[PDB]
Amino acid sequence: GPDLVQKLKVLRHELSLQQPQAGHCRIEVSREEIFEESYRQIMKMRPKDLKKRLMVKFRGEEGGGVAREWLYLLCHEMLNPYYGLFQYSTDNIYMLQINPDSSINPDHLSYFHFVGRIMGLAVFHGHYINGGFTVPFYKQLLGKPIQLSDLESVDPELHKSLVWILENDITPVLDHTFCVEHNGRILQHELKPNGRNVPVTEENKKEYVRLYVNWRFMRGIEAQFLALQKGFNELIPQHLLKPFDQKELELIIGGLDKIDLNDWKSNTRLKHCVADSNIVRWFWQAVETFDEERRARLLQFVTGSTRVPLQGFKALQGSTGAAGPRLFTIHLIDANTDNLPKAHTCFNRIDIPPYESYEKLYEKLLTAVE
């Protein structure tokens, strides 16, 4: 709380001291080749050059304020799975993770080092990017261990079984060793040296669960993660992150998930209504009134998910029909004003009856959502 506020000020003050008063960090890339061009221009600089005031300009545009736009666009474009560095999770929708098969590109480690530098530059200049990584990824990047509690949301079944180990006498029921498996070929991993020959007992099961928790996230991505963290720490040294505790890191990480209302409203299709009509202004008014958890519940009420792809509301998918985005739709219909708004989750549509006032829309929409 108030100690977190002050820790953030110490961090920002320390970072500001590393920025030279004179000098600039010059970048000039195109929008359609921002990843490859930024890769070559950034990997040419010293870490101290990256700490200079950003001097950015796009391909052939006049545009200071362009450096904010450049960094934000590069932060989202570098996570695009086309580049083979990151892939979507099969545990939670629209979440990202390092692709363990990134070894295909033999220069992958220099690209992960580059991604780390850009993530470090975002923190350095005060940008909050909703990268969509898991809480364990972000804790590890910020220099802290993963907690068993952080596994519950990613892998509830593994979490339940590791919790079972810690809370019960395993002796008459389980016969595990410090060796774990995962995939086409089956790969064995010894959690600690000679692990295959170390049976899990009451005496060492705490170490077993602790090692298994880390492996569940680090599995096949350890070299990639190390290079990423290396780039990140060239901008954000690990000692400056030491004061933040597990709880403060969870608050900072949860704040990254903020739904972008600008991107939501810019990418909303309107059916039988205009952008200035009372029903549409009242809907966006009620959304602004809702806290984050209520904004997430509204997004889940209409789309079935509490998140949107990394590209944003423009990449929103529908369930059926021709391939292509199915934008979030506000549909003003002809219906009973006592009726609730109706969600058509297959098509990301909310059918809204013609309410008389803002206060009636707010209550009906809140009743539908809660």
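Note that residue numbering follows the sequence shown and begins at 1.
Check your understanding: None, 1 to 3, 4 to 9, or 10 or more: how many residues of the deposited sequence lack coordinates between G63 and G64?
Key -> Gap between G63 and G64: 1 to 3 unmodelled residues.
Review point. Do any residues of the deposited sequence lie unmodelled between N194 and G195, and which range holds their number: none, 1 to 3, 4 to 9, or 10 or more?
Key: According to the record, the chain runs unbroken from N194 to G195.
Point to revise | Mean Cα B-factor comparison, 126-134 or 274-282, giving the higher one as deposited | key: So the stretch with the higher mean C-alpha B-factor is 274-282.
Exercise for review: Could you settle it for me: does 284-292 or 203-211 have the higher average Cα B factor in the PDB entry?
Suggested key: The stretch with the larger average C-alpha B-factor is 284-292.
Point to revise | Top Cα B factor in the deposited entry, candidates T171, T268, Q224, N92 | key: If I rank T171, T268, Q224, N92 by C-alpha B-factor, first place goes to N92.
Exercise for review: Quick one: which of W164, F114, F244, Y82 shows the highest Cα temperature factor in the PDB entry?
Suggested key: Highest C-alpha B-factor among the listed residues goes to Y82.
Check your understanding: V302: which third of its chain by C-alpha temperature factor?
Key -> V302: CA B-factor falls in the lowest third of its chain.
Review point. Comparing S110 with the other modelled residues of its chain, is its CA B-factor in the lowest, middle or highest third?
Key: CA B-factor rank for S110: middle third.
Exercise for review: Grab the CA temperature factor for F313 from the record and place it in the lowest, middle or highest third of its chain.
Suggested key: It belongs to the lowest third of the chain when residues are ordered by C-alpha B-factor.
Review point. If you rank the chain by CA B-factor, which third does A322 end up in: lowest, middle or highest?
Key: For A322, whose C-alpha B-factor we compare with every modelled residue in the chain, the answer is the middle third.
Review point. How does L4 rank on Cα B-factor within its chain, lowest, middle or highest third?
Key: It falls in the middle third of the chain.
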